[PDB]
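Scroll down for the structure; my scribbles are underneath it.
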Amino acid sequence: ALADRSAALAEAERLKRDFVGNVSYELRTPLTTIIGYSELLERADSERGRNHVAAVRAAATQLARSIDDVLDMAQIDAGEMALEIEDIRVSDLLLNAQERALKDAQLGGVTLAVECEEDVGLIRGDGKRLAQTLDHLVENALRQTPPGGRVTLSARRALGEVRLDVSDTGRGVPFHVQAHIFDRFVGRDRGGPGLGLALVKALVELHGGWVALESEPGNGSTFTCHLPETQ
Amino acid sequence: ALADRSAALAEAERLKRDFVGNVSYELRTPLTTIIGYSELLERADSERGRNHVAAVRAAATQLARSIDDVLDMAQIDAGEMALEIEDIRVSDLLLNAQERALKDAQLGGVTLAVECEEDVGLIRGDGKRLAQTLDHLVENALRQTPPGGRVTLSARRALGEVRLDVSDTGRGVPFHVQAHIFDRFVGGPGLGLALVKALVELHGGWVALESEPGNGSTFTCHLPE
């Protein structure tokens, strides 16, 4: 029918326009920061200059992650992402995520901590995909945490699983967005995670696991990756 | 009701794949360059630092232009770009493109010339989109022209049409790539010439390349009266 064919085309257009509009927002927002701060560098003779460079590098790195997220999410949606399962030492995985984010943490005046015991040992998964999962959770945490705050990376082997936690002393997730926190391009007041948290969920779920958010506006936030043991 | 809705979503997911592909292919080289040179400036005490800034600035401006191209190309592919037809004085259009590119021309040691007769007069079209078309052609010309060379912006009203030419005394395009010169990523930025073709074709026109390998290159916009 005429009305059914019209409604179908309208729905296909709305779903495309929203996707392009969401990806577009993620391209143009870090870009404004890169232009603004690189122009200040051009007209500079230093500590002030260093802060300008750091702001350029952080915005450029965030733009790069958004593009990688769009590509990795499309690969997952097509069912084209297969994991390369191998032995992963959790201790190193946590310390590598801490050193990769250390510069962006000092720029935001935040302390990155690692609280992992020697008894956590080795898990079996995809190193690249688990490193990318932690990276998304740490940068999400740094964006929410104010200067003087703390972001903690912890791991624990208990109840037939390994759980990776990324705690922050930031602003908590308001109740209404807590149910949609792992949805693509979910509207956040402090700053948008884009495809970052949807990717965390998809990557952990590809490992046979699941993700959770424990939050309270005045008591920070905790993101947990529950990874079951393979007997 | 089910087959029509499915075919519509399949077509929209075809558009998505192209957009996502363009985003990845066009933006990642300037981005990596900004990150690498920024990392050097972060761990630096200067003459060397000024070269790092210049590299960050060139990559930043190329990132801005590439993001515009990727977004404009997606809008065109979806059929969501409608032109705002109005009276355009060709003489001003050519001088506007010359003054916007004048700085990048002097940086590359190239001479930017305008050869338009006041007999060309006025044309009908979208001023923003025609200015953007000339900008892409001048950019393309400046990238091909060596220092000491010349890039010319000309216009001519002949045989029931107006033709805008952007000539260059650069390397010249080889005959085998001449037929595919307006194809996306046929070779830096790869949507510029595909955008020129799409914008001129939206104006009811067509584009052409006149090039001799060694002599030069000329890009013409044929806009019918």
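Each chain of the structure tokens is named A, B, ... in the order shown, its residues numbered from 1; ligands are numbered from 1 in display order.
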
Closest atom pairs, residues of chain B within 8 Å of chain A, only C-alpha atoms, as CSV:
```
residue,atom,partner,partner_atom,distance
B:1,CA,A:4,CA,5.9
B:4,CA,A:5,CA,6.2
B:5,CA,A:8,CA,4.7
B:8,CA,A:9,CA,5.8
B:9,CA,A:12,CA,5.1
B:12,CA,A:16,CA,6.0
B:13,CA,A:16,CA,7.6
B:15,CA,A:16,CA,7.9
B:16,CA,A:16,CA,7.0
B:19,CA,A:20,CA,8.0
B:20,CA,A:71,CA,6.9
B:23,CA,A:67,CA,7.2
B:24,CA,A:67,CA,6.5
B:28,CA,A:64,CA,7.2
B:31,CA,A:60,CA,6.3
B:34,CA,A:60,CA,7.0
B:35,CA,A:57,CA,5.4
B:38,CA,A:57,CA,5.8
B:39,CA,A:57,CA,7.2
B:41,CA,A:53,CA,6.9
B:42,CA,A:50,CA,5.8
B:45,CA,A:46,CA,7.4
B:53,CA,A:42,CA,6.6
B:54,CA,A:42,CA,7.6
B:56,CA,A:38,CA,7.2
B:57,CA,A:38,CA,6.4
B:60,CA,A:35,CA,6.4
B:61,CA,A:35,CA,7.6
B:63,CA,A:31,CA,7.9
B:64,CA,A:31,CA,7.0
B:67,CA,A:27,CA,7.2
B:71,CA,A:24,CA,7.4
```

Expected file: the selected residues, N, CA and C atoms, as a JSON list (two decimals), in the first residue's frame:
```json
[["chain", "number", "residue", "atom", "x", "y", "z"],
["B", 1, "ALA", "N", 4.60, -4.70, 2.51],
["B", 1, "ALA", "CA", 4.76, -4.07, 3.82],
["B", 1, "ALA", "C", 6.06, -4.50, 4.51],
["B", 4, "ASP", "N", 9.21, -4.17, 1.26],
["B", 4, "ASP", "CA", 9.46, -2.75, 0.98],
["B", 4, "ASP", "C", 10.24, -2.08, 2.13],
["B", 5, "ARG", "N", 9.87, -2.39, 3.39],
["B", 5, "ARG", "CA", 10.51, -1.87, 4.59],
["B", 5, "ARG", "C", 11.95, -2.40, 4.71],
["B", 8, "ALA", "N", 14.24, -0.78, 1.88],
["B", 8, "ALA", "CA", 14.48, 0.60, 2.28],
["B", 8, "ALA", "C", 15.61, 0.68, 3.33],
["B", 9, "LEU", "N", 15.59, -0.24, 4.32],
["B", 9, "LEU", "CA", 16.60, -0.32, 5.37],
["B", 9, "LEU", "C", 17.92, -0.81, 4.79],
["B", 12, "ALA", "N", 19.51, 2.17, 3.06],
["B", 12, "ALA", "CA", 19.99, 3.12, 4.07],
["B", 12, "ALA", "C", 21.30, 2.63, 4.72],
["B", 13, "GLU", "N", 21.45, 1.29, 4.86],
["B", 13, "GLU", "CA", 22.64, 0.61, 5.42],
["B", 13, "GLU", "C", 23.78, 0.55, 4.39],
["B", 15, "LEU", "N", 24.24, 3.29, 2.39],
["B", 15, "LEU", "CA", 24.65, 4.69, 2.56],
["B", 15, "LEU", "C", 25.54, 4.86, 3.78],
["B", 16, "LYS", "N", 25.20, 4.14, 4.86],
["B", 16, "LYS", "CA", 25.90, 4.12, 6.14],
["B", 16, "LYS", "C", 27.31, 3.56, 5.93],
["B", 19, "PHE", "N", 29.52, 6.03, 4.07],
["B", 19, "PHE", "CA", 29.84, 7.17, 4.92],
["B", 19, "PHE", "C", 30.93, 6.78, 5.92],
["B", 20, "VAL", "N", 30.75, 5.65, 6.59],
["B", 20, "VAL", "CA", 31.69, 5.11, 7.57],
["B", 20, "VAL", "C", 33.05, 4.82, 6.90],
["B", 23, "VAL", "N", 34.78, 8.21, 6.17],
["B", 23, "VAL", "CA", 35.24, 8.79, 7.43],
["B", 23, "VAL", "C", 36.64, 8.21, 7.76],
["B", 24, "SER", "N", 36.77, 6.89, 7.68],
["B", 24, "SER", "CA", 37.98, 6.14, 7.97],
["B", 24, "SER", "C", 39.13, 6.45, 7.00],
["B", 28, "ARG", "N", 41.97, 9.62, 8.86],
["B", 28, "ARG", "CA", 42.97, 9.02, 9.74],
["B", 28, "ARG", "C", 44.42, 9.50, 9.51],
["B", 31, "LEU", "N", 44.90, 13.00, 11.23],
["B", 31, "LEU", "CA", 44.79, 12.78, 12.67],
["B", 31, "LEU", "C", 46.04, 12.22, 13.32],
["B", 34, "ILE", "N", 48.73, 14.95, 13.52],
["B", 34, "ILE", "CA", 48.46, 15.90, 14.61],
["B", 34, "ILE", "C", 48.95, 15.27, 15.94],
["B", 35, "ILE", "N", 48.64, 13.96, 16.17],
["B", 35, "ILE", "CA", 48.99, 13.24, 17.40],
["B", 35, "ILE", "C", 50.50, 13.08, 17.53],
["B", 38, "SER", "N", 52.23, 16.50, 17.97],
["B", 38, "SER", "CA", 51.80, 17.01, 19.29],
["B", 38, "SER", "C", 52.57, 16.32, 20.39],
["B", 39, "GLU", "N", 52.83, 15.01, 20.24],
["B", 39, "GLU", "CA", 53.60, 14.26, 21.23],
["B", 39, "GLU", "C", 55.02, 14.80, 21.29],
["B", 41, "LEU", "N", 56.02, 18.02, 20.57],
["B", 41, "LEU", "CA", 55.97, 19.34, 21.17],
["B", 41, "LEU", "C", 55.76, 19.26, 22.70],
["B", 42, "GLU", "N", 55.02, 18.23, 23.18],
["B", 42, "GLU", "CA", 54.75, 17.98, 24.60],
["B", 42, "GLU", "C", 56.02, 17.69, 25.38],
["B", 45, "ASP", "N", 61.69, 21.52, 24.94],
["B", 45, "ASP", "CA", 62.10, 22.70, 25.70],
["B", 45, "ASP", "C", 61.49, 23.99, 25.14],
["B", 53, "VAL", "N", 54.74, 22.73, 14.94],
["B", 53, "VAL", "CA", 53.50, 23.51, 14.97],
["B", 53, "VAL", "C", 52.90, 23.60, 13.56],
["B", 54, "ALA", "N", 53.72, 23.98, 12.58],
["B", 54, "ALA", "CA", 53.35, 24.12, 11.18],
["B", 54, "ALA", "C", 52.78, 22.83, 10.64],
["B", 56, "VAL", "N", 51.37, 20.41, 12.56],
["B", 56, "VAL", "CA", 50.11, 20.28, 13.31],
["B", 56, "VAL", "C", 49.03, 21.16, 12.65],
["B", 57, "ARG", "N", 49.38, 22.40, 12.27],
["B", 57, "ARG", "CA", 48.46, 23.36, 11.63],
["B", 57, "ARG", "C", 48.01, 22.95, 10.23],
["B", 60, "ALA", "N", 45.67, 19.94, 10.80],
["B", 60, "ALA", "CA", 44.42, 20.44, 11.40],
["B", 60, "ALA", "C", 43.50, 21.06, 10.36],
["B", 61, "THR", "N", 44.06, 21.90, 9.47],
["B", 61, "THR", "CA", 43.26, 22.56, 8.44],
["B", 61, "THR", "C", 42.80, 21.53, 7.41],
["B", 63, "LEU", "N", 42.22, 18.40, 8.17],
["B", 63, "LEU", "CA", 41.20, 17.64, 8.89],
["B", 63, "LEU", "C", 39.83, 18.35, 8.83],
["B", 64, "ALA", "N", 39.82, 19.67, 9.00],
["B", 64, "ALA", "CA", 38.60, 20.50, 8.93],
["B", 64, "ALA", "C", 37.92, 20.39, 7.52],
["B", 67, "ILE", "N", 36.52, 16.79, 6.86],
["B", 67, "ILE", "CA", 35.29, 16.55, 7.61],
["B", 67, "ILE", "C", 34.13, 17.21, 6.85],
["B", 71, "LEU", "N", 30.99, 14.96, 5.12],
["B", 71, "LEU", "CA", 29.61, 15.33, 5.47],
["B", 71, "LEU", "C", 28.81, 15.79, 4.27]]
```

Out of region 68-223 of chain A, which residues get helix (DSSP H, G or I) from DSSP, as a tab-separated table (two decimals) with N, CA and C atoms, in the first residue's frame?
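What landed in result.tsv:
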```
chain	number	residue	atom	x	y	z
A	68	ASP	N	37.48	4.79	15.30
A	68	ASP	CA	37.74	3.37	15.56
A	68	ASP	C	36.47	2.68	16.09
A	69	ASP	N	35.70	3.36	16.96
A	69	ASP	CA	34.45	2.85	17.50
A	69	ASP	C	33.40	2.62	16.44
A	70	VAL	N	33.26	3.56	15.45
A	70	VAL	CA	32.29	3.44	14.37
A	70	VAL	C	32.64	2.23	13.49
A	71	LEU	N	33.93	2.05	13.19
A	71	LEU	CA	34.42	0.93	12.38
A	71	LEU	C	34.28	-0.42	13.11
A	72	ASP	N	34.63	-0.48	14.40
A	72	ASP	CA	34.56	-1.70	15.19
A	72	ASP	C	33.10	-2.12	15.45
A	73	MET	N	32.21	-1.15	15.71
A	73	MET	CA	30.79	-1.39	15.88
A	73	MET	C	30.14	-1.96	14.60
A	74	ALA	N	30.54	-1.47	13.40
A	74	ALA	CA	30.01	-1.95	12.11
A	74	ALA	C	30.46	-3.40	11.85
A	75	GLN	N	31.72	-3.72	12.20
A	75	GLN	CA	32.33	-5.05	12.11
A	75	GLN	C	31.57	-6.07	13.01
A	76	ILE	N	31.22	-5.65	14.24
A	76	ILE	CA	30.46	-6.42	15.22
A	76	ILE	C	29.01	-6.64	14.71
A	77	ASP	N	28.37	-5.58	14.16
A	77	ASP	CA	27.00	-5.61	13.63
A	77	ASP	C	26.87	-6.55	12.41
A	90	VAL	N	46.11	-10.45	33.89
A	90	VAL	CA	45.26	-9.31	34.27
A	90	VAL	C	46.09	-8.11	34.82
A	91	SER	N	47.13	-8.40	35.62
A	91	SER	CA	48.02	-7.40	36.23
A	91	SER	C	48.63	-6.45	35.17
A	92	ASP	N	49.15	-7.02	34.06
A	92	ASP	CA	49.76	-6.24	33.00
A	92	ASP	C	48.72	-5.44	32.22
A	93	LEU	N	47.54	-6.07	31.95
A	93	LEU	CA	46.41	-5.49	31.23
A	93	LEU	C	45.94	-4.18	31.91
A	94	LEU	N	45.86	-4.18	33.25
A	94	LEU	CA	45.48	-3.03	34.06
A	94	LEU	C	46.56	-1.94	34.06
A	95	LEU	N	47.85	-2.32	34.18
A	95	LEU	CA	48.96	-1.36	34.20
A	95	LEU	C	49.18	-0.70	32.84
A	96	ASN	N	48.87	-1.43	31.75
A	96	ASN	CA	49.00	-0.90	30.39
A	96	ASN	C	47.91	0.14	30.13
A	97	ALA	N	46.70	-0.08	30.68
A	97	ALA	CA	45.61	0.88	30.51
A	97	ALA	C	45.88	2.16	31.32
A	98	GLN	N	46.56	2.02	32.46
A	98	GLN	CA	46.95	3.13	33.35
A	98	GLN	C	48.04	4.01	32.70
A	99	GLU	N	49.06	3.40	32.06
A	99	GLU	CA	50.12	4.16	31.44
A	99	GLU	C	49.66	4.83	30.13
A	100	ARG	N	48.71	4.22	29.38
A	100	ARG	CA	48.19	4.81	28.14
A	100	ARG	C	47.33	6.05	28.45
A	101	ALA	N	46.64	6.05	29.60
A	101	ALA	CA	45.76	7.15	30.00
A	101	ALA	C	46.42	8.17	30.95
A	102	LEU	N	47.59	7.84	31.53
A	102	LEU	CA	48.34	8.66	32.47
A	102	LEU	C	48.46	10.15	32.04
A	103	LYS	N	48.79	10.44	30.77
A	103	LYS	CA	48.93	11.80	30.26
A	103	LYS	C	47.60	12.58	30.30
A	104	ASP	N	46.49	11.97	29.82
A	104	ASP	CA	45.15	12.59	29.81
A	104	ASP	C	44.58	12.78	31.25
A	105	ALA	N	45.09	11.99	32.22
A	105	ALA	CA	44.71	12.05	33.62
A	105	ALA	C	45.38	13.24	34.31
A	106	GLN	N	46.66	13.47	33.99
A	106	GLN	CA	47.44	14.56	34.56
A	106	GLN	C	46.95	15.90	34.00
A	107	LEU	N	46.48	15.88	32.74
A	107	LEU	CA	45.90	17.03	32.03
A	107	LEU	C	44.58	17.47	32.71
A	118	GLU	N	48.31	-10.34	43.01
A	118	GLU	CA	49.11	-11.32	42.25
A	118	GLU	C	48.31	-12.63	42.03
A	119	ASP	N	47.30	-12.87	42.90
A	119	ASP	CA	46.42	-14.05	42.92
A	119	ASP	C	45.31	-14.01	41.83
A	120	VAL	N	45.15	-12.87	41.13
A	120	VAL	CA	44.16	-12.73	40.05
A	120	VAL	C	44.64	-13.58	38.85
A	127	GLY	N	43.43	-10.04	23.89
A	127	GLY	CA	44.22	-8.97	24.49
A	127	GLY	C	43.92	-7.58	23.96
A	128	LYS	N	43.82	-7.46	22.63
A	128	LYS	CA	43.54	-6.20	21.96
A	128	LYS	C	42.17	-5.69	22.36
A	129	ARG	N	41.16	-6.57	22.30
A	129	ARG	CA	39.78	-6.20	22.58
A	129	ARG	C	39.56	-5.89	24.04
A	130	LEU	N	40.24	-6.61	24.95
A	130	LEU	CA	40.16	-6.32	26.39
A	130	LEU	C	40.90	-5.01	26.74
A	131	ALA	N	42.01	-4.69	26.04
A	131	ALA	CA	42.76	-3.43	26.22
A	131	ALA	C	41.92	-2.24	25.78
A	132	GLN	N	41.21	-2.41	24.67
A	132	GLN	CA	40.31	-1.42	24.09
A	132	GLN	C	39.11	-1.20	25.04
A	133	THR	N	38.60	-2.28	25.67
A	133	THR	CA	37.50	-2.20	26.63
A	133	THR	C	37.91	-1.30	27.82
A	134	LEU	N	39.08	-1.59	28.42
A	134	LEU	CA	39.60	-0.81	29.54
A	134	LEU	C	39.87	0.64	29.16
A	135	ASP	N	40.39	0.87	27.96
A	135	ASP	CA	40.65	2.21	27.47
A	135	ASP	C	39.37	3.05	27.44
A	136	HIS	N	38.27	2.47	26.92
A	136	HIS	CA	36.98	3.16	26.83
A	136	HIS	C	36.44	3.49	28.19
A	137	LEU	N	36.57	2.55	29.16
A	137	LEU	CA	36.11	2.75	30.52
A	137	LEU	C	36.93	3.80	31.28
A	138	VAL	N	38.26	3.83	31.09
A	138	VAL	CA	39.16	4.82	31.72
A	138	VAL	C	38.91	6.25	31.17
A	139	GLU	N	38.74	6.40	29.85
A	139	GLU	CA	38.53	7.72	29.26
A	139	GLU	C	37.15	8.24	29.62
A	140	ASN	N	36.15	7.33	29.71
A	140	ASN	CA	34.79	7.66	30.16
A	140	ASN	C	34.86	8.17	31.61
A	141	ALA	N	35.63	7.47	32.47
A	141	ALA	CA	35.85	7.82	33.87
A	141	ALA	C	36.55	9.18	34.01
A	142	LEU	N	37.62	9.43	33.21
A	142	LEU	CA	38.37	10.69	33.25
A	142	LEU	C	37.51	11.91	32.87
A	143	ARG	N	36.56	11.71	31.96
A	143	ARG	CA	35.65	12.75	31.47
A	143	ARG	C	34.63	13.17	32.53
A	144	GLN	N	34.28	12.25	33.45
A	144	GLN	CA	33.31	12.44	34.53
A	144	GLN	C	33.95	12.95	35.83
A	175	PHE	N	19.97	8.90	37.57
A	175	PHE	CA	19.09	7.73	37.52
A	175	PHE	C	18.45	7.44	36.13
A	176	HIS	N	17.91	8.47	35.45
A	176	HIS	CA	17.20	8.30	34.17
A	176	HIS	C	18.11	7.82	33.04
A	177	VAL	N	19.41	8.12	33.08
A	177	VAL	CA	20.30	7.67	32.01
A	177	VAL	C	20.99	6.33	32.40
A	178	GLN	N	20.91	5.91	33.68
A	178	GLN	CA	21.53	4.67	34.18
A	178	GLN	C	21.07	3.39	33.44
A	196	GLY	N	31.50	4.28	22.55
A	196	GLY	CA	32.41	3.74	23.55
A	196	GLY	C	31.84	2.70	24.50
A	197	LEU	N	30.71	3.01	25.18
A	197	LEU	CA	30.13	2.09	26.17
A	197	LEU	C	29.35	0.96	25.51
A	198	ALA	N	28.81	1.17	24.31
A	198	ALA	CA	28.11	0.13	23.55
A	198	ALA	C	29.11	-0.89	23.06
A	199	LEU	N	30.33	-0.44	22.78
A	199	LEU	CA	31.48	-1.24	22.34
A	199	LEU	C	32.01	-2.07	23.49
A	200	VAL	N	32.15	-1.48	24.69
A	200	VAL	CA	32.53	-2.18	25.93
A	200	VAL	C	31.58	-3.37	26.14
A	201	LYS	N	30.26	-3.12	26.10
A	201	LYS	CA	29.23	-4.13	26.27
A	201	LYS	C	29.35	-5.24	25.23
A	202	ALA	N	29.49	-4.87	23.93
A	202	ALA	CA	29.59	-5.80	22.81
A	202	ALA	C	30.86	-6.65	22.86
A	203	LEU	N	31.99	-6.06	23.26
A	203	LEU	CA	33.27	-6.78	23.37
A	203	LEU	C	33.28	-7.76	24.53
A	204	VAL	N	32.75	-7.34	25.71
A	204	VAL	CA	32.68	-8.19	26.89
A	204	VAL	C	31.65	-9.31	26.65
A	205	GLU	N	30.56	-9.02	25.94
A	205	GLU	CA	29.54	-10.02	25.65
A	205	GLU	C	30.03	-11.04	24.63
A	206	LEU	N	31.01	-10.66	23.78
A	206	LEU	CA	31.65	-11.53	22.79
A	206	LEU	C	32.57	-12.53	23.50
```

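Taking CA of residue 199 (chain B) as the reference point, CA of residue 131 (chain B) is found at 10.4 Å.
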
Residue nearest residue 174 (chain A) - candidates A:219, A:33, A:111, A:152, atoms counted: only C-alpha atoms =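 Distance minimum relative to residue 174 (chain A) lands on A:219.
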
task = Write out as a ChimeraX atom specification which residues come within 9 Å of region 187-189 of chain A when counting only C-alpha atoms, dropping same-chain ones fewer than 4 positions away.
result = /A:173,177,181,193-194

inquiry  = Report, in Å with one decimal, the straight-line distance from CA of residue 210 (chain A) to CA of residue 149 (chain A).
reply    =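 These two atoms are separated by 27.3 Å.
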
Residue 70 (chain B) surroundings by only C-alpha atoms, 9 Å radius, close-in-sequence under 5 positions cut, as a PyMOL selection string = chain B and resi 19+22-23+26-27+65+75+191

request  = Please provide as a PyMOL selection string all residues within 12 Å of region 172-180 of chain B, with the sequence filter that same-chain residues fewer than 2 positions apart are discarded (counting only C-alpha atoms).
outcome  = chain B and resi 140-141+143-146+167-170+182-187+193-194+197+207-219

inquiry  = For residue 112 (chain B), find every residue with an atom within 12 Å (counting only C-alpha atoms), except residues of its own chain fewer than 2 positions away, and show them as a PyMOL selection string.
reply    = chain B and resi 94-110+114-115+138-139+141-142+145+147-154+166-169

Store the residues picked out above in a file with N, CA, C and O atoms, as a compact mmCIF listing (two decimals), in the first residue's frame.
```txt
# COMPACT_ATOMS: atom_id res chain seq x y z
N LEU B 94 35.05 34.49 -9.07
CA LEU B 94 36.43 34.17 -9.40
C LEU B 94 37.42 34.92 -8.49
O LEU B 94 38.39 34.31 -8.04
N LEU B 95 37.17 36.23 -8.21
CA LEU B 95 38.04 37.05 -7.35
C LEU B 95 37.96 36.62 -5.88
O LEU B 95 38.97 36.73 -5.17
N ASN B 96 36.77 36.16 -5.43
CA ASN B 96 36.53 35.64 -4.07
C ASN B 96 37.36 34.38 -3.84
O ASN B 96 37.94 34.23 -2.76
N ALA B 97 37.42 33.46 -4.85
CA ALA B 97 38.17 32.20 -4.77
C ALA B 97 39.68 32.46 -4.79
O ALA B 97 40.43 31.73 -4.14
N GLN B 98 40.12 33.51 -5.51
CA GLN B 98 41.51 33.93 -5.62
C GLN B 98 42.02 34.51 -4.28
O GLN B 98 43.13 34.18 -3.86
N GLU B 99 41.21 35.35 -3.61
CA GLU B 99 41.65 35.95 -2.35
C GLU B 99 41.61 34.94 -1.19
O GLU B 99 42.44 35.06 -0.28
N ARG B 100 40.69 33.95 -1.21
CA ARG B 100 40.63 32.92 -0.17
C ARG B 100 41.84 31.97 -0.26
O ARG B 100 42.29 31.46 0.77
N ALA B 101 42.36 31.74 -1.48
CA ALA B 101 43.48 30.82 -1.70
C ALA B 101 44.84 31.53 -1.82
O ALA B 101 45.87 30.84 -1.79
N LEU B 102 44.85 32.87 -1.95
CA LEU B 102 46.05 33.71 -2.10
C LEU B 102 47.19 33.36 -1.11
O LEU B 102 48.34 33.27 -1.54
N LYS B 103 46.86 33.16 0.19
CA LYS B 103 47.84 32.83 1.23
C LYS B 103 48.50 31.46 0.98
O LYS B 103 49.72 31.38 1.05
N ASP B 104 47.70 30.41 0.68
CA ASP B 104 48.21 29.05 0.41
C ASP B 104 49.03 28.99 -0.90
O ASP B 104 49.87 28.10 -1.06
N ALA B 105 48.78 29.94 -1.83
CA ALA B 105 49.47 30.06 -3.11
C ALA B 105 50.87 30.66 -2.90
O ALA B 105 51.84 30.18 -3.49
N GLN B 106 50.96 31.70 -2.05
CA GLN B 106 52.22 32.38 -1.75
C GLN B 106 53.13 31.47 -0.91
O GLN B 106 54.35 31.49 -1.08
N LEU B 107 52.52 30.62 -0.06
CA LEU B 107 53.18 29.61 0.77
C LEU B 107 53.85 28.54 -0.11
O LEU B 107 54.94 28.06 0.22
N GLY B 108 53.20 28.19 -1.22
CA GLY B 108 53.68 27.23 -2.20
C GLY B 108 54.43 27.85 -3.36
O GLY B 108 54.77 27.15 -4.32
N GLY B 109 54.69 29.16 -3.27
CA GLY B 109 55.40 29.95 -4.28
C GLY B 109 54.77 29.94 -5.65
O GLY B 109 55.48 29.94 -6.66
N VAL B 110 53.42 29.93 -5.70
CA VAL B 110 52.62 29.88 -6.92
C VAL B 110 51.89 31.23 -7.12
O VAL B 110 51.54 31.90 -6.15
N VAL B 114 43.47 35.62 -12.40
CA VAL B 114 42.05 35.70 -12.77
C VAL B 114 41.96 36.34 -14.17
O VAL B 114 42.43 37.47 -14.36
N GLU B 115 41.36 35.63 -15.13
CA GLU B 115 41.18 36.11 -16.51
C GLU B 115 39.70 35.98 -16.91
O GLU B 115 39.32 35.04 -17.63
N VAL B 138 40.91 25.00 -6.98
CA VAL B 138 42.10 25.84 -6.73
C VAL B 138 43.08 25.07 -5.81
O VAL B 138 44.30 25.10 -6.04
N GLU B 139 42.53 24.39 -4.77
CA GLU B 139 43.27 23.55 -3.83
C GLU B 139 44.00 22.46 -4.58
O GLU B 139 45.21 22.28 -4.41
N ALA B 141 44.67 22.33 -7.81
CA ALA B 141 45.64 22.97 -8.69
C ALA B 141 46.92 23.34 -7.93
O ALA B 141 48.00 23.02 -8.40
N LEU B 142 46.79 23.95 -6.73
CA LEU B 142 47.95 24.36 -5.93
C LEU B 142 48.81 23.17 -5.48
O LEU B 142 50.03 23.31 -5.38
N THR B 145 50.87 22.10 -8.77
CA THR B 145 51.77 23.14 -9.29
C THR B 145 53.04 23.29 -8.42
O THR B 145 52.94 23.46 -7.20
N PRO B 147 56.71 25.27 -7.07
CA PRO B 147 56.99 26.70 -6.84
C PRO B 147 57.55 27.38 -8.09
O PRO B 147 58.39 26.82 -8.79
N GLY B 148 57.01 28.56 -8.39
CA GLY B 148 57.34 29.33 -9.58
C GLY B 148 56.26 29.19 -10.64
O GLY B 148 56.22 29.98 -11.58
N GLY B 149 55.39 28.20 -10.46
CA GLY B 149 54.28 27.91 -11.36
C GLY B 149 53.13 28.89 -11.27
O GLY B 149 53.16 29.84 -10.48
N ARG B 150 52.09 28.66 -12.09
CA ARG B 150 50.90 29.51 -12.17
C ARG B 150 49.60 28.67 -12.17
O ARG B 150 49.53 27.61 -12.81
N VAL B 151 48.58 29.19 -11.47
CA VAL B 151 47.23 28.65 -11.38
C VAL B 151 46.30 29.77 -11.87
O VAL B 151 46.29 30.87 -11.31
N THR B 152 45.54 29.51 -12.94
CA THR B 152 44.65 30.51 -13.52
C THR B 152 43.18 30.14 -13.34
O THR B 152 42.79 29.00 -13.60
N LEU B 153 42.37 31.13 -12.93
CA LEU B 153 40.92 31.06 -12.78
C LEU B 153 40.30 31.87 -13.90
O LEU B 153 40.42 33.09 -13.88
N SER B 154 39.66 31.22 -14.88
CA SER B 154 39.04 31.94 -16.00
C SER B 154 37.57 31.56 -16.20
O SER B 154 37.12 30.53 -15.70
N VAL B 166 39.93 26.22 -14.38
CA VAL B 166 40.96 26.33 -13.38
C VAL B 166 42.17 25.61 -13.98
O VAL B 166 42.25 24.37 -13.96
N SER B 167 43.05 26.39 -14.59
CA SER B 167 44.23 25.87 -15.26
C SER B 167 45.43 25.91 -14.34
O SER B 167 45.48 26.74 -13.44
N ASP B 168 46.39 24.99 -14.56
CA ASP B 168 47.62 24.94 -13.76
C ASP B 168 48.81 24.54 -14.63
O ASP B 168 48.68 23.75 -15.56
N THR B 169 49.98 25.10 -14.30
CA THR B 169 51.23 24.84 -15.01
C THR B 169 52.02 23.72 -14.29
O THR B 169 53.25 23.63 -14.40
```

request  = Report the distance between CA of residue 201 (chain B) and CA of residue 113 (chain B) in Å, rounded to one decimal place.
outcome  =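 Going from CA of residue 201 (chain B) over to CA of residue 113 (chain B) covers 25.7 Å.
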
task = Give me every strand (DSSP E or B) residue in region 46-202 of chain B, going by DSSP on the backbone, as a VMD selection string.
result = chain B and resid 86 to 89 111 to 116 122 to 125 150 to 157 161 to 168

Could you write out the selected residues, including C-alpha atoms, as a short mmCIF file (atom, residue, chain, number, x, y, z; two decimals), in the first residue's frame?
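The result, written out as part.cif:
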```cif
data_model
loop_
_atom_site.label_atom_id
_atom_site.label_comp_id
_atom_site.auth_asym_id
_atom_site.auth_seq_id
_atom_site.Cartn_x
_atom_site.Cartn_y
_atom_site.Cartn_z
CA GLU B 86 20.08 33.03 -7.16
CA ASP B 87 21.88 35.56 -9.50
CA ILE B 88 25.72 35.19 -9.36
CA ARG B 89 28.23 37.68 -10.89
CA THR B 111 50.98 32.84 -8.82
CA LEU B 112 47.13 32.94 -8.65
CA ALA B 113 45.64 34.67 -11.75
CA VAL B 114 42.05 35.70 -12.77
CA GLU B 115 41.18 36.11 -16.51
CA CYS B 116 37.45 36.95 -16.69
CA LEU B 122 25.76 37.06 -14.42
CA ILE B 123 24.79 33.31 -14.03
CA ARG B 124 22.07 31.45 -12.06
CA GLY B 125 23.13 29.05 -9.25
CA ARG B 150 50.90 29.51 -12.17
CA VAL B 151 47.23 28.65 -11.38
CA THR B 152 44.65 30.51 -13.52
CA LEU B 153 40.92 31.06 -12.78
CA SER B 154 39.04 31.94 -16.00
CA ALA B 155 35.43 32.18 -17.25
CA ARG B 156 33.87 32.25 -20.74
CA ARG B 157 30.29 32.59 -22.08
CA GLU B 161 26.80 27.95 -21.65
CA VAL B 162 29.26 29.42 -19.13
CA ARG B 163 32.50 27.53 -18.59
CA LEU B 164 34.67 28.09 -15.46
CA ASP B 165 38.26 26.98 -15.99
CA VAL B 166 40.96 26.33 -13.38
CA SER B 167 44.23 25.87 -15.26
CA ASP B 168 47.62 24.94 -13.76
#
```
